[PDB]
Structures are given as C-alpha cells and as structure tokens.
Amino acid sequence: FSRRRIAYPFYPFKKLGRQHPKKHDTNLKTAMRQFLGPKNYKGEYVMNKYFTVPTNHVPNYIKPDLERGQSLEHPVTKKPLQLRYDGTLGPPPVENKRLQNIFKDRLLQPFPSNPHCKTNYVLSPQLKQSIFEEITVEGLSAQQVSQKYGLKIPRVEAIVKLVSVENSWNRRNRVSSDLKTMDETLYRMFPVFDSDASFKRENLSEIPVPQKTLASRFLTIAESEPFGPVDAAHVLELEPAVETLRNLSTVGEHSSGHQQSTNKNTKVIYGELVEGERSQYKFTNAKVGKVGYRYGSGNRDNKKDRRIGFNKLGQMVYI
Amino acid sequence: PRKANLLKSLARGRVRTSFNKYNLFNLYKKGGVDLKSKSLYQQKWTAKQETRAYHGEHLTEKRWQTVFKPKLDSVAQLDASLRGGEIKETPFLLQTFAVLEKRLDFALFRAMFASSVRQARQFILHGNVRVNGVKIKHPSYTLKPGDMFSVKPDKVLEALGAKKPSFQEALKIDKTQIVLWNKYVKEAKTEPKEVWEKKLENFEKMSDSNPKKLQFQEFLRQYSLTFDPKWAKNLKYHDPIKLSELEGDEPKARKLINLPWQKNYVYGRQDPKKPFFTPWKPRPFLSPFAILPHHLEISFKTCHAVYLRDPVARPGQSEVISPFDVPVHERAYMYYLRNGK
Amino acid sequence: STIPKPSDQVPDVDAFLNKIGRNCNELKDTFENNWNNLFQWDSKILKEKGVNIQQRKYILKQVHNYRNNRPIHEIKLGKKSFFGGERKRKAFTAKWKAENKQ
Amino acid sequence: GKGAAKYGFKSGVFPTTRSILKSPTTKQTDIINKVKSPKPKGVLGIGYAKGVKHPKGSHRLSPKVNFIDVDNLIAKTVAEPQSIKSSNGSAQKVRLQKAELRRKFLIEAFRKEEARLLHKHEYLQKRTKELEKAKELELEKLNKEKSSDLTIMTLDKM
Amino acid sequence: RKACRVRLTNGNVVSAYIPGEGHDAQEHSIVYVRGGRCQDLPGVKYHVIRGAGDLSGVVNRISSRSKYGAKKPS
Amino acid sequence: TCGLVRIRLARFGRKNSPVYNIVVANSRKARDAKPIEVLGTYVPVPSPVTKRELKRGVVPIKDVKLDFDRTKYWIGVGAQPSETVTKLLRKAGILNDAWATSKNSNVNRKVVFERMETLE
RNA sequence: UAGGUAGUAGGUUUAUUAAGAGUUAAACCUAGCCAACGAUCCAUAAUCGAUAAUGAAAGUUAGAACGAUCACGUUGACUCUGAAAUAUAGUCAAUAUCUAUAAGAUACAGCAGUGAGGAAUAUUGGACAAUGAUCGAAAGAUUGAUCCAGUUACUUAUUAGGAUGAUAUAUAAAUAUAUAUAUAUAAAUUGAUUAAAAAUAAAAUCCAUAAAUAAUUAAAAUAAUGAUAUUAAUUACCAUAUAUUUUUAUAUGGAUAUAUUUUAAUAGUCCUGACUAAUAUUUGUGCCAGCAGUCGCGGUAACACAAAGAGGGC
Ligand SMILES: [K+]
Ligand SMILES: [K+]
Ligand SMILES: [K+]
Ligand SMILES: [K+]
Ligand SMILES: [K+]
Ligand SMILES: [Mg+2]
Ligand SMILES: [Mg+2]
Ligand SMILES: [Mg+2]
Ligand SMILES: [Mg+2]
Ligand SMILES: [Mg+2]
Ligand SMILES: [Mg+2]
Ligand SMILES: [Mg+2]
Ligand SMILES: [Mg+2]
Ligand SMILES: [Mg+2]
Ligand SMILES: [Mg+2]
Ligand SMILES: [Mg+2]
Ligand SMILES: [Mg+2]
Ligand SMILES: [Mg+2]
Ligand SMILES: [Mg+2]
Ligand SMILES: [Mg+2]
Ligand SMILES: [Mg+2]
Ligand SMILES: [Mg+2]
Ligand SMILES: [Mg+2]
Ligand SMILES: [Mg+2]
Ligand SMILES: [Mg+2]
Ligand SMILES: [Mg+2]
Ligand SMILES: [Mg+2]
Ligand SMILES: [Mg+2]
Ligand SMILES: [Mg+2]
C-alpha cells in the first residue's frame, strides 16, 4: 500500500487557521516561516540557529529530532526562543534535555538519518608545515610521517603537494584578503585534527578487499592442526595480507621502497630531426601478434557503452 | 543533462546536493524515509526516488543505469582483531552511488568549491576548473587517485559568500540603517546612563560566540568601567538619505554614507567590481552543509584540492556523504541491480 | 620558401602562366605580373583570390618545380580514346563502323 | 561477445603469424631423434605391422621429414656476389646497397630464428626439470608427518 | 463497436477495429492496419491506425493524441 | 610500389581521426582486408605540446609502434614498402638512403637531432 | 517421404591429369553399398567469428553494421588463354530493350539516380589533399577504390543556466561599533477554509558562458600538394620583456576614449482501479459514447469512458 504523501514536517507546527481569501497560503510555507523566523530589513534570518557559521571548531549540524523542530534562538545569548499564542517569540516553558548532553559522535554527524556519515578533521596550519618540512627538508619517508601523526600515506603526500602550491601563491601575493577571510572561516567550522588523540588518528592497516577472497572457503583439518594467515594465503593463492599492506605503504612518492626500473627494457628509437620538420618520429619496439588494431573488433560507437576518453589537452575524444 | 525543474519543492520534500535555503528546510523536516506498509516494489521505488534526488539528479535515468556498477569497494582493517573493542559492521550498500564521486562536478561540490552540483557543472563548463594544470570543461571528467584540481578563486568566493546586493536594494538598507542609528543617538543622549548600563549587561551574555565583546574591550581601552558623559556627547547624528537624489549615482551615494561600521561604501558593495557581497561574508545557512570529505584534501587558501582515493566503506562508516540511511541505499541498490524490474 | 630569379624563357609571370598551360593564362589579372606574388601566395591566399581548386594546386606544383630547376612545360590531362572509354568502346565502334564504312 | 573471454577479452583477430623457418632445422637434435625413433606397434601403434601387406600403389612408410640446413638455406637464398663488380653507375650503386642490406637482414632473420628455437627447447627442458623437482619437494612436505596427525584416527593394521 | 473488413496488400483479408470516438472510414478508403485484438469482439484481431491513409485523427481529441492521430493544438 | 608482397598502411579509426596499421599484404587484396601480418601502428597526428613546452624546446612527437625484427625479415624476402612506409623505415634507421627518391632527397638540410636508440 | 541405389558398392586394366579415386570415358569381373541413432525424397536457408542482442549461466537469437569464407554479376551450356576461369571474356541459344539492320549493341547485384514493389531505408554532391590500386624510366596520367561532405533523431554520446528569490509603499533625532528594528496603510492570480494545494513556481535581483564580433590559428603532410573548410582550438585592443606546475603578476612598444567588443536561454510524450510509481478534488456521459496487455470498466456519488485541477514516469 502506497499513496502520494505531502512532505509535512514530522514535528508539530502551527497549522493555518481560517484564512483571508486572498492569502492563498500553504501549510508547507507557514511551517517554513516558523523554521526560519522573521526576516529583517537586510534579508537575514537572525533568529534561526543555523543562519550564522560556528567559530569554535564545533560543527553546527541540524538536530531536528532532538529539538523537535524548534530552530529559533536569541542571536546573541543563544537562548532558545519559541512561538507563543500572541505571535511573538519567547522562552520555552520547559528546557529541552535532549539538547544539553549530545553524544560526541552526533556532533560530527551532519545528517540525522545517516549515522555512518561523519565529517573529517581539518589539519591545522602548523601540522601541515611540520609534515611539509619533514618530508622535504629533513628527508623523512611518508611511511614514517604517516606512522607518526596517524595520517594515511595518500593524505600525507597530498599535504606536501598542496603546501607547495600555497608557497608559490604566497610568494606571488596571490592569496587575497577574501581568500584569507574565507579560509579562516572554514577552518573554524571543523574539528581540528589531533595527532595525539588516539580516536582521531586514522587507521593505518586498511587494505583493498580482493574479489577472489570475498567468497567463503572452509577446510576441515585435524582438531589440533594449526592454521594461520600464511596458510590461508596459500589456500587462496594470494600474497599474505601483511605483505599487501607493506607493498601499499611503499607507493607514496616520498615513501620508502618506491622503485620503478623493471620496465626500462623496451627498445625505443627517436628519428632524426631535420631543420624545417614540425614533428619527430618515435618508434617503440613491439611484437607481431600483439601490436596493431585487430580486424573485426566490436564496434561500440552506436552502443550505450561507447568508449569516451580525454586527450592531453582535456578535449573529449572517442576511444 | 536533465532540466532542473521543481528541485526545491516543499510538498515533494526531496533533498538535493545544494546549500539552498529551501533545500535546508526539506532536509530539516524530512524525518527519515518511510518504508512501512509498502510492498517490495513500493519500497524500492521510494528508495530510488529519494536517493536519486540527491545522488546525481541531473543525470538521465538511462545514463545512470549504464554508469551504475554492481561492484562495491570496501577495505579490510588488518588490526581490528588486534584491538579488542567491539567491531562495527561495514555499511557496504552505502557505496551504491560511490561511482559518481569521482566525477569532476561532484568532486567540486564535495570540496565546497561550489554551492551545488548544478553550479559545479556551470563552473566546469565556463572554463574555471583545471585538473593537473589542464583546463577541463567537461563535467563528466573522471578523477584518478592523486589528481589535483583547482577552481578560479573568484568563483569559489561567489559560491560560499553572500549575494551581492544591487545598488537600489543596498541603498534602501542604508536609509534604514541611518534611521536606526539616529534612534540610538537620541536614546543615548536623552538618557545616557540607562543605555550604557544596558550596553554593559549585553556584553555579559556574549558567551565568546560573539567576538564583538573582544572588540568592545578594546574600545573601553580607547577612552573601572564607569560611565562617561563624553560618550553621549561624542555620538553624532548621521544625515538622512534621499533615495531619489542619489539614485543612479553610486559614487555620490558612497560619499554621503559614513557610519561607525560602514564608512564610504553602500551596504554589501564595498567593491562593486567583485562578484559577491563585499566585505566578504559566508553565505547564509552554510553550517548545516559544511562537511569535510574523507576522500579529498582541500586547500581553501588557494582553492586547490587533491583526489586522494575513491570513497570506501569501512567498519561503522562510509565515505560516501549521504543524507539517507543504509536501508534506503539497500533498496536503491536492489532496484538498479535488476534495471527496475 | 625563397623567391627564385626570373630566367630568359620565363621572364615574367605572364610567360610563366603561358608555359604551364591548362588555361592558366586566364589568371594573369589575379597575379598582376608580380613575380613575388606568384612565389609567396599559398593555397589559402589563392582560394581567397578566386582561383579554383584544380588551377591553384597546379600552379603551386609548377611553382615548386621552378624553385627546384625542374621543367615547367605543360603536361596535358588524360583524355578518353577517340572511340570512347573502354566500357563503351565496343558499342561506339560498332555504330561508327556502320555509319562511316558501312 | 562472450567468446572474447577465451582470448583475454581481445575483440577482433590478427592474421596467423608466419614461420620464418617452415621446417625443423638440422640443429634441432631433439626433433631429429624423435623421427628416427622406432615407430610403435599394437593397440597404440602407428604403421603397418610385419606381415601385413600395405595397399597396392601406396607408400608403406610416411615421407621423410625435410630438415633445413640454415647454412645451406643462406647459401642458396642470399648468396654473396661472386665478384666485386664495378658499380660506377648511380643506379648500380643504389642496387648494390639495397642488395647488401637485404642480404644482411635475411641472414640475421634465419640465424636469430634458429637460435630462438634451440634456446626455447633448452628453456623448456630446464623448466620441466625444475617443475618436476618442485613437485617432488611439495609432495615430500605433504607426506611429512606432523604432530596434528596424532589426532586423526587410524586403523593401519586392518 | 465500429469495425471494418480490410484487404491487405498481401491478399489477406482481416477485420480491424476502428478506435476513437467517430470515424470517416468508408469502402475503398486506404487504411493502415497494425496488430492488436479487440478483446470483446471475437475475430477482430487488428487495429486501424488513426491519422494514417484516408482515416483521419479523432476530432477534438485532447488527451493521448499520439494514439489517435491528433496533432498538437497551437 | 611493385611486387606481390607490399608493406603499406591500412586505415583504422573514425572519420576525421585516421589511424593506421603497418601491414604486410598481398598487392591485390583490399586496403583494409586482413593482411598477411600486422607489423605495427602509425598515429599520424602529432602529440600537442603546451605553450611552455614549446618555448622550452619540446618538439611534437608522432608515435609509431613497430616490430623491428619482423620488419627486417620481410624486407629480406623482398617485400616492397609503400612510399609512406619507406619514409617511416628510413626515419627508424631500418632502411638507408638507398631507398630515397629525387623528390625527397634531403641531400642538403641541417640535422638538428641525430637518430638516438634508447631503452624505455 | 520407408525403403533407397544400378556407376549403384567393391575388384582389375587402360585413357585423361602435376596428382589419388567409378572423378570422367572404355573394357572385364564380384554382389554389393545406404537405411528407424532416419536412408532416399521434399521443403527451407548463403555459412561463421575474438561480431551484435539477451541471460546468473548452460544457452537462445541475429548474420544489418566490422571481419573471415562461399556463390553469383539477365538465364543455360560450351570453348580459348592461363599456374588457376565452364571468366562480368569468347561462342551458341534464351528473355528484354535499343539503332547502325548488322552472323549488331545493351543487361546499373560499380556510384549517383529513376519507375515498380513495400510499413520502410539517402545526393543524378566534392576531391584525388590522405591511404591504397593500375600505367609510365621519369615527369606524370587515371581511380564513384577511397577520403570527405549532403539527406535521415535509425543508434550512441555531450551540451541544451547557475546562485538569490514570497508583496509594495509611507514611516522614525534635528561618530566607544548600532542591531531580534518597530509601526501603520494598501495589495494579494486558480483551487481550497487547512495538514489542499498550484508555488521558489513566476517576476525581480546578482553573476556567467555559448553564439555573434575582432584578432589569431594548429593538425590531418610534406620536397611540394588540404577536398573537408567560412578547419578545430585559443584569445578578448595586438605585440614584447621580466618574473610567473599550471597559472599568475608587473612593466613595457604600438592601439582607441582614466578606462577599453557584445551578450543570451519557451520540451515533449505516456500515464495516475489492481498488477504498477501517481490522495486535492471536480465536471460531462449514463451498459450509450467509448476504454482494455491481464483481471475488467460504463445501468445518475465512474479513482478505469471524455475532460479540468493536482500528481507519477521517461
Ligand atoms: K550498469
Ligand atoms: K529424412
Ligand atoms: K543494406
Ligand atoms: K589518390
Ligand atoms: K510530464
Ligand atoms: Mg500505487
Ligand atoms: Mg613501376
Ligand atoms: Mg581408376
Ligand atoms: Mg558416382
Ligand atoms: Mg564403365
Ligand atoms: Mg535463398
Ligand atoms: Mg548461430
Ligand atoms: Mg542461421
Ligand atoms: Mg551492406
Ligand atoms: Mg561467374
Ligand atoms: Mg551465369
Ligand atoms: Mg560470359
Ligand atoms: Mg540487373
Ligand atoms: Mg545503384
Ligand atoms: Mg509504394
Ligand atoms: Mg568523381
Ligand atoms: Mg477563488
Ligand atoms: Mg565564442
Ligand atoms: Mg598547407
Ligand atoms: Mg486512454
Ligand atoms: Mg458523474
Ligand atoms: Mg489504467
Ligand atoms: Mg480517464
Ligand atoms: Mg491537466
């Protein structure tokens, strides 16, 4: 059983009464004006508790369930204000106990209905400089900085790349006042990352889950036979999971173990370049039976899965 | 793309990837997706309706069906068994729409470089977005781990900032601001003691959420906190604004205005050449949507971001930012697996 | 490339346009007997000046020949046999041997 | 289509690669021994058994394999000019250069192919012996008695 | 129920239902026949297409016009 | 080009975006018919160089994939390359100046970069 | 379709061929050979893929497009040349047409195009610039192969505008920085009298890009040659220098009146009783008119017919 259902607020609100014939109002519109509060002459909603951004590193995410739709508070004292019979805003009769002791997890949860979505922690401008100076000057490896500050190696590598862009921008006076104002505002809206805080630290043991292993194989062995991760790896014909983690930590450009030389074994010829020639020929050795465009290959151009790519200039090209 | 029609309808109450005021009320009043009493088809349809409204509404159904991938990606923490704390179940089905997160337009929205996915598309199409230094003008460009993308600073400020008022609109706000200032100078001069007493009591309830108290302490150092009759006398009355006289003449208007907070510039038009409200202030209702992604590292000073990885599901968490719970995404996944059968 | 020097056989553009042939003497007003124009104007300029596809390509080929000291004498385009193309020669010949020699 | 899965999901085909040497060479000792080996008889035999007349007008035995001598192939196909002829002419010089390059290429092709074939037989022989040794080692580990085997009930005597 | 006997260009003679309110089909009128039976009429296994050949579209049809050969009103 | 066995380009790709297979083919078979062998690929459109790269001195590169050993074999048995394939093989250093013609003979043109064989 | 076969099954020899064999021809012998696991006969059909469609898969379907193979070039047979042809050749005959009336020529299943048939499938286009093919010592010539464009939503893909936005006036002393601005007055489209909406929808405001305009200009191709072509792309007075992932920024030479081209945004179609997503109601019709994939709907409160409002798909 299903029918169309107008999305009325789940919480109680003041419905429309008898209306003058020319108002032509809706119960949805009046519920929104009650959520928003009065609009001043400047076009602002100062009474709504979400109109202005937080400035204390604590996100102000909507909590309709805990406040039962009461979104109005005094713009300076931050004291709850509710609608009364007179049509004015005043103190609530009873304090809301659900809004005074909120769990730590909920504070970082932006969407009431999804507790698996949480905001990330912003890194302070100091930790970023420390990470930048350790990888670049002191010459530490990304694996070391990752294991020290509790940050995943890709994030560590990204911080170095971004701090380099901020130096060039600051070296050419490209960071304007507005950009500085915006950056600081956004910094004071998110919980700052604390390398010492154990819970704030990012897990460093995560590996991609393969597909062949996703199945459930079971072995019946002797009651006192030892079976461990290495034995399981042999059964599943995969490298041990610890080895996978170690190989994934040596991928960072500044990480230890980064190596790429086994491929430098392909004969290449650069054709002679003569004055007046607009391009150079590069020849790459290949093998008959592998090189070439195959004959009778599937044409997908008229199919929904037609292959679309992008060239070096960023232009959309058919592959 | 699909034409944008009735995206912020209150009766439908669909939640969109935007910071719009009407879209905040729809999210505020939703109270979850109702799946009770519905047949399996009705449950699946409802889940599809809600999820697609948020995740890639601009994509046509047939295009989305092609893009949709049955394979979802999770990670295995190899230390869980070495902790001892109660393990949490991985929300695998919150990865149903993860394939969209690698799109350039979605990446811009998650980085807070645009106020909505729709705006992100227009920023990309108009030539304001670069990936790895190359200008990309196709919203459907897919990012790979490690890619860096940037947006022209003026566009990001226009998306995260307040709207620029027009000259006529901002000239009526200054008229009212002058009237309400001359009322504060007439109440300060008629009974200075009460006004100062009220002024001191207001600064006690600031809570430090209002930085005006910190600035006020400076002002008390610019002149024990005891009354001073020189204050009321110092206060002066601003001159009224004749909207008609200074109509169509901004330089004249911005020379007749001199308020203690707004001096020689019309409200919100300190630099009429800039494309946003000046001096720059955050857009209204930004806090409820300001979510920092786990899969991007953002540098707001330069408007640069790096695509760290494709969002993944882990015990107790999904990096795919969604306003809907796992049961809804599970139904949505069930629908698309079978092409809506 | 560079501007070759006028010779005794080809003193000016008008002589050049007459030796190459293929009705290229009808472009003498396009060039205006300017030696440099003949050896500087590329296809794009000639197309803007109204030279048709076949003639402008032919001129540029003969300009390259002259620049390399290769003969610029007219070479004629092919023509079908007097008795017609091979596919229509049997029919044509049969009707030409019954109206000339009977 | 589904058929592509059998070929690495490669769509379309390539022409069959030609063989530079169309027959086994005289240096492929392994093949030479196999053909010389006496042909089996009986249930899994090949050929006419002693006393069984073959069809009249037919050859009792199979034609002998033609083994290529790469030295003789090179001598007959790309023989060198017998005299150092006087190539004063421009066209003679061009032809001499082209003939020299063509001869160099085809001689390198025949000798690289023969080497590849011989090197491939040796690599297979080494690889097979390794695999055989590894299988014996693996099997020996399987047959090794562990302490857990004590908990497996047995009736060896019966 | 309005029907019509029709001789198809392949020599088969069929009975086709004429849908819609009102029709201008007569004898010798050129009609185009599609599949689809008239459930309550036994032996009428086909439909004539409105707005094709000599059969006009339903007069004054407002809804589902494409199914009745009615063009869009300006 | 003469002979029954020719090395020539077979056209692939889409309208306005030609790509080519370098093939050994019977002279009489269709240009795009399945050949005797596919020796390589030729992409005629040079890779575009950025404004900075241009001033930096980067030259656009046309990319050819080729089986050097197999190509030499087919030249050895008398396969005859087309004019375009001949130019490619002379630039690769497989063929020499004996295959040049009077029209393309670069007898006097300065060499800015000499053929370089590397490993990559 | 139950019996079929009579060079038929096998043996021997000659002829013929580069070559085996009742493959063809000649001779002489044996009585065999095929068949209810389907012979013989009849009907139908070009075959297939690392191609397309579908499915979890085994499979099933197609055989247009890409590619491989076969056959044919109005019909039949025969011969010549040749390594290879019962050749799109030649010979004779058949059918049709034509003009030169000859033991004549032609046969569009080459391209374009026309009539016919059909529910239904396009230009009597451009160029040999590219890749090939033929001829030539070369210069070069030829090429409806081929490359391009035209026609056609037949298929696929991208784009086809974002942020803000529920009213308008009057209103208010005569710079330690204010601040929950507050009052009146008028206006307020369809539906409806409250969970009944249409509706942030519209207008309006802010900011853009496309196109245009201007300059510039690759690449397909080079020794030279560009059909496509009014090229793509880029830049917004043009040029230059310096610094300057990108990019940015400064300053310069010339260029206009301290500033510097202009500037947008009108979707259709089906459906809302159940299967099956569609609750805001209302009018006409009255087992009629009509609807219908299935169950069924319609006899005066029709959620199903015909419509308005509202709503759901794509
Ligand atoms: K899909
Ligand atoms: K049968
Ligand atoms: K066809
Ligand atoms: K050509
Ligand atoms: K619609
Ligand atoms: Mg329903
Ligand atoms: Mg020749
Ligand atoms: Mg015989
Ligand atoms: Mg026979
Ligand atoms: Mg006989
Ligand atoms: Mg047939
Ligand atoms: Mg089949
Ligand atoms: Mg078939
Ligand atoms: Mg066809
Ligand atoms: Mg034939
Ligand atoms: Mg025939
Ligand atoms: Mg014939
Ligand atoms: Mg015909
Ligand atoms: Mg035709
Ligand atoms: Mg017809
Ligand atoms: Mg032509
Ligand atoms: Mg009314
Ligand atoms: Mg433009
Ligand atoms: Mg050119
Ligand atoms: Mg209907
Ligand atoms: Mg009624
Ligand atoms: Mg229905
Ligand atoms: Mg109806
Ligand atoms: Mg309607």
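These values consider heavy atoms only, across backbone and side chains, with no hydrogens, waters or symmetry-generated copies. Here is how names work: the chains are called A, B, and so on, in the same order as the sequence lines, proteins then strands, and each is numbered from 1.
A salt bridge does not link F:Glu83 with F:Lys87: every distance from a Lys NZ or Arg NE/NH1/NH2 to an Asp or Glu carboxylate oxygen is 4.0 Å or more. The pair C:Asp42-C:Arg56 fails the salt-bridge criterion, with no side-chain N (NZ, NE, NH1 or NH2) lying under 4.0 Å from an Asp/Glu carboxylate O. Salt-bridge check for E:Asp40 with E:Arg1: passed, with a basic side-chain N closer than 4.0 Å to an acidic carboxylate O.
Using Watson-Crick or G-U wobble geometry with both donor-acceptor distances under 3.5 Å, G:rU91 finds its partner in G:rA77. With both pairing distances under 3.5 Å, G:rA45 is matched to nothing as a Watson-Crick or G-U wobble pair. Remark: G:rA25 base-pairs with G:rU14; criterion is Watson-Crick or G-U wobble with both hydrogen-bond distances under 3.5 Å. Shown here, G:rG126 forms a base pair with G:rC147; the pair counts as Watson-Crick or G-U wobble because both key distances fall under 3.5 Å.
At a threshold of 4.0 angstrom between heavy atoms, the contacts of B:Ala11 are confined to the sugar-phosphate backbone, with no base atom among them. At the heavy-atom level, B:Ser150 lies nowhere under 4.0 Å from the strands shown. At the heavy-atom level, C:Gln102 lies nowhere under 4.0 Å from the strands shown. B:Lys274 comes within 4.0 angstrom of nothing in the nucleic acid, heavy atoms only. Using a 4.0 Å heavy-atom criterion, one finds that C:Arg70 contacts no nucleic acid atom at all. No contact: B:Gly127 has no heavy atom under 4.0 Å from any strand. Contact annotation for D:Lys2: base contact, defined as any heavy-atom pair under 4.0 Å involving a base atom. Within 4.0 Å of C:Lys97, counting heavy atoms only, lies no atom of the nucleic acid at all. Across all strands, A:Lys15 comes closer than 4.0 Å to base atoms (heavy-atom distances). Heavy atoms of B:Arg118 sit under 4.0 angstrom from primed sugar atoms or phosphate atoms, though from no base atom. Among the heavy atoms of the strands lying under 4.0 Å from C:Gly78 are primed sugar atoms or P, OP1, OP2 only; no base atom is included. Among the heavy atoms of the strands, none lies under 4.0 Å from D:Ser58. Among the protein residues, A:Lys42 comes within range of the nucleic acid bases, having at least one heavy atom under 4.0 Å from a base atom. If you check every strand for non-hydrogen atoms under 4.0 Å, B:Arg221 touches nothing.
Comparing G:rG118 with G:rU156, their P atoms sit 31 Å apart, to the nearest whole Å. A gap of 11 Å separates the P atoms of G:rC288 and G:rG299, to the nearest Å. Remark: the separation of the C1' atoms in G:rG161 and G:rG273 is 42 Å, to the nearest Å. When the P atom is compared between G:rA9 and G:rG32, the two are found 15 Å apart, to the nearest whole Å. The same atom, P, is picked in G:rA21 and in G:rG11; the two are 10 Å apart, to the nearest Å. Rounded to whole Å, the separation between the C1' atoms of G:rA219 and G:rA232 comes to 8 Å. For the P atoms, the distance from G:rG49 to G:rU40 is 27 Å, rounded to whole Å.
Taking a heavy-atom distance under 4.0 Å as the criterion, the stretch of RNA chain G touched by chain E extends 5' to 3' from G:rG118 to G:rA308.
Nucleotides of RNA chain G nearest to B:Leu7 and E:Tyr32 differ in position, and the one nearer the 5' end is that of E:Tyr32. With the nearest nucleotide of RNA chain G identified for both A:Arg33 and B:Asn182, A:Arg33 has the one nearer the 5' end.
Base stacking between strand neighbours G:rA105 and G:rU106 is present, with six-membered ring centres closer than 5.5 Å and ring planes inclined by less than 30 degrees. Base stacking between G:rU95 and G:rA96 is present, with six-membered ring centres under 5.5 Å apart and ring planes under 30° to each other. Stacking annotation: G:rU159 and G:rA160 stacked (six-membered ring centroids under 5.5 angstrom, interplanar angle under 30°).
In terms of modelled atom types and a separation under 3.5 Å, the side chain of F:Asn106 and the main chain of F:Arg109 share no donor-acceptor contact.
Judged by the sign of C1'-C2'-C3'-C4', G:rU101 carries a south-puckered sugar. Sugar pucker at G:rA174: north, on the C3'-endo side, as the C1'-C2'-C3'-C4' dihedral is above zero. South is the pucker assigned to the sugar of G:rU194, its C1'-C2'-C3'-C4' torsion being negative.
Between A:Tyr295 and F:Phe12, the ring centre distance stays below 6.0 Å.
Residues B:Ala159 and B:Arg283 come closest through the heavy atom pair O-NE, 2.8 Å.
Side-chain atoms of A:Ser2 and A:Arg5 include no donor-acceptor pair closer than 3.5 Å. Under the 3.5 Å distance criterion, with hydrogens and angles disregarded, a donor-acceptor pair is assigned to the side chains of B:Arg12 and B:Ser9.
In this structure, A:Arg3 has no salt bridge (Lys or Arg N to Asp or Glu O under 4.0 Å) partners at least two apart in sequence or on a different chain. The salt bridge (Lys or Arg N to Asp or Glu O under 4.0 Å) search around B:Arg121 returns none, not counting sequence neighbours.
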